[PDB]
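A lone chain, given as structure tokens: the form solved without the partner chain.
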């Protein structure tokens, strides 16, 4: 009779099978959302504003509640006389633990829990069954398992109604950044605007781009936020990965013949799936110690080095530029992640991937518990059989990605006056050049915090020797 849909990810009305099923046989439906850096919070709140606005258009509203689910749902169930609760499935270990506790409470209150998988393409548990009860520990094996697996104008609440009270905006309104305790004087408009509406606009354009302008290699421009980038939208569920996957496939077929498209066309999607699968039964996935798939590495504790890196004050412009864009905007290119993750961990500073992961959790829009832990193990060569015999150069990688160094000048204006010859290694500029640039190295911008040549040589050696050498 009275039903609730509970938003956590899946922050969208399109491709929402849990919501659709929840509404079957229901008199009433209420959609609820139960409440570290400012960009993440802004993105979430914009998602919630978008949902509320779109629900409004259907004579509904989003119900935002501040509290712990375990403390909220029982009295909600009683007040509203709820007998059905639906959720999109969450594979993440702390998510499963949360949802297990809420199921217990719901069973206690006579409340049916409806669970549908739609944050991912696949049933992750079935992949694990196909692999003998443990996740594939290499991306290639995962690709093989899934190949042996698979083959918006409506009113999503049309069959139901939502009771609404006059004080809804007050009681159940989406909070503002200020209400969450943020200072807002220091924000321009978001580079990555939140919400389903935006996601669906970007999807169309994304697909237009793949068809028209393309049918894809790195250039300097790729380092900047694309207006057709989808990765934050996927992580929040603003864009269904299944919709994305289906649209891609059909357009590929339209444009290219039959063509059994390359795995590379689904790389974004499959890599995220791979880490969710790796994480789902591993409550220590975000740890080194006690984590069964993590190689144990003698990382060092250097809180000042970690802070220099986190803050973009390493003295390597390439690294600092990247960490500055990350903090300013909330997204950086996957190749830029390689650079700054390699620098912090196996390459230059020898600091645990756990520590890098924490910073990214605070700043990176498309990071969640599974993806972020997974990526950081991958980039530090702590898991997934990744190769540690090469170390990204914190000068050359940048110089090969943006030869002119505009990216540097863009995120590090203090360096704007250096010529391209020195913009990735300003410490090598003659002092007169530094002076013309109005930037003395050591004074206005720091010296490089490490000798890359030595650091990288020693660390590759030390990583090699953690393993038996033949």
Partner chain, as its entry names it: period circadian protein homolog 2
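Numbering follows the first chain given and starts at 1. Between two forms, the rigid core is the largest collection of C-alphas that superpose within 1.5 Å.
Where the other entries of this protein model the residues before and after it, residue 398 is kept in all of them rather than dropped from a third. Residue 201 is built in all of the other entries compared, counting only those with both neighbours built, so it is not a gap in a third. According to the record, the deposited sequence contains 4 to 9 residues between residue 151 and residue 152 that were left without coordinates. The modelled chain is continuous from residue 58 to residue 59, with every intervening residue of the deposited sequence accounted for. Of the two stretches examined, 390-398 and 375-383, the record assigns the greater average C-alpha temperature factor to 390-398. Mean CA B-factor, 295-303 versus 200-208: the higher value falls on 200-208. As recorded in the entry, 108 carries the highest CA temperature factor of 354, 123, 90, 108. Per the PDB record, 436 has a higher Cα B-factor than any other of 436, 412, 51, 44. In this PDB entry, the Cα temperature factor of residue 289 sits in the bottom third of its chain's modelled residues, the lowest group. For residue 245, the recorded CA temperature factor ranks within the middle third of the chain's modelled residues. When all modelled residues of the chain are sorted by CA temperature factor, residue 350 is found within the lowest third. In this PDB entry, the Cα temperature factor of residue 3 sits in the bottom third of its chain's modelled residues, the lowest group.
Residue-level temperature factors show residue 181 in the highest third of its chain, judged at the C-alpha atom.
Separately, the form deposited with the partner chain bound exists; it is not shown, and the next lines address it.
The partner chain is not shown here, and in the deposited complex it never comes within 4.5 Å of any heavy atom of residue 97. Looking at residue 136, you'd find a heavy atom of it within 4.5 angstroms of the partner chain in the deposited complex.
Among heavy atoms of residue 430, none comes within 4.5 Å of the partner chain in the deposited complex. A residue is said to contact a partner when one of its heavy atoms sits within 4.5 Å of a partner heavy atom; residue 270 fails this definition for the partner chain in the deposited complex, lying far away. Residue in contact with the partner chain in the deposited complex (any heavy atom within 4.5 Å), chosen from 140, 75, 284, 247: 140. Checking 266, 192, 384, 89 against the partner chain in the deposited complex, a heavy atom within 4.5 Å turns up for just one residue: 384.
This chain is displayed without the partner chain, yet in the deposited complex the stretch 359-367 from 157-165, 232-240, 101-109, 359-367 comes within 4.5 Å of it by heavy atoms. Judged against the partner chain in the deposited complex with a 4.5 angstroms heavy atom cut-off, the residues 63, 82 and 203 are out of contact without exception. Looking at 448-470, the residues that come within 4.5 Å of the partner chain in the deposited complex, counting any heavy atom, are 448, 449, 450, 452, 454, 456, 457, 458, 460, 461, 462, 463, 464, 465, 466, 467, 468, 469, 470.
Of the residues listed here (387, 165, 81, 188), only one shifts its CA by 2 angstroms or more between this form and the one not shown after fitting on the rigid core, and it is 387. Whereas the shown form places them at one spacing, the Cα atoms of residue 348 and residue 388 lie at least 3 Å farther apart in the deposited complex. In the deposited complex, the Cα positions of residue 270 and residue 387 lie at least 3 Å nearer to each other than in the form displayed.
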